[PDB]
Each structure stands twice: as C-alpha cells, then as structure tokens.
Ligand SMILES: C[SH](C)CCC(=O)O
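Only one chain is given next, in structure tokens, and it is the form solved without the named molecule.
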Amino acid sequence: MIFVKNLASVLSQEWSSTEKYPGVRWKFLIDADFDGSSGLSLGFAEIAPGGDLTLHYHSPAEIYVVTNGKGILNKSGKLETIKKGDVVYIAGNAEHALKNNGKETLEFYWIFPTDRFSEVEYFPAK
C-alpha cells in the first residue's frame, strides 16, 4: 500500500479542534481510520496567532515537522523558539506545549509511531 496526500486532498475532512487548545486545529492525512495504513500516522496542525497547544504528554514518541510560521516550544519547562524548516523530537512521556506568539499561522505535521491518532491518549500536564 502506497499513497500520497496533501491539504487539498482532505478539503472534505472537517477540521478537528477542542476548547482546551485555543486557536489550534488539525486534520489527519495518514491514519488507519482513514487510509488503512499502519506503523506510522501523521496529521497536519495549524495554530492561529495567539493560539496555544497547552502542556501535555503521551506515551509514544512524537515528531513535529514545522512547515510555516514560528512559535514557542515548551520543552518541559524550557522555552525555545521554533520555525519553518525545524523538526522536533519529543520523547514519550515528555511534557510539551507550543504557542504561536507571531502573526503568521504556525503550521506543522506531527508523526506518531502508531496506526491511528485515536489510539494515542493525551494527558494534561500533571
């Protein structure tokens, strides 16, 4: 099984969001619930100016690929700016957050070593 996706391909998929992540929204591009793919899953996220993916953790490792804008990555308490062209490795259990303090949309893919997004449980910072 091999397939190609971009944002245009998922226009018919409504954005996902939640009130806990203000100004954040996402779609699934590679995911067993949509594609019958396995082993790896990938989403595209946008954080609007002033938006905040608040401090959280989860069991699998995660990678971010930043494709647009800039924001402040909270590395379990240590702040670092990130921007287009950056990739981020987040170990399992590691608390992290990402704030868009800029005027452009902060856009990134995330990747999990899992079949599905739905099998990753998000936990709030303890």
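Sequential numbering from 1, following the sequence displayed.
A second form of this protein, the form deposited with the named molecule bound, is not displayed here; the remarks below concern that form.
*Asks:* Is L29 a contact residue for the named molecule in the deposited complex, using a 4.5 Å heavy atom cut-off?
*Replies:* Judged by the heavy-atom cut-off of 4.5 Å, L29 is well away from the named molecule in the deposited complex.
*Asks:* Can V66 be called a contact residue for the named molecule in the deposited complex at 4.5 Å between heavy atoms?
*Replies:* Because no heavy atom of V66 falls inside 4.5 Å of the named molecule in the deposited complex, the answer is no.
*Asks:* Under a 4.5 Å heavy atom criterion, is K99 part of the interface with the named molecule in the deposited complex?
*Replies:* Looking in the deposited complex, residue contacts with the named molecule do not include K99, since no heavy atom lies within 4.5 Å.
*Asks:* Test of understanding: in the deposited complex, would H58 fall inside 4.5 Å of the named molecule by heavy atoms?
*Replies:* So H58 counts as contacting the named molecule.
*Asks:* Residue by residue through 28-57, tell me which have a non-hydrogen atom within 4.5 angstroms of the named molecule in the deposited complex.
*Replies:* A45, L53, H56 sit within 4.5 Å of the partner.
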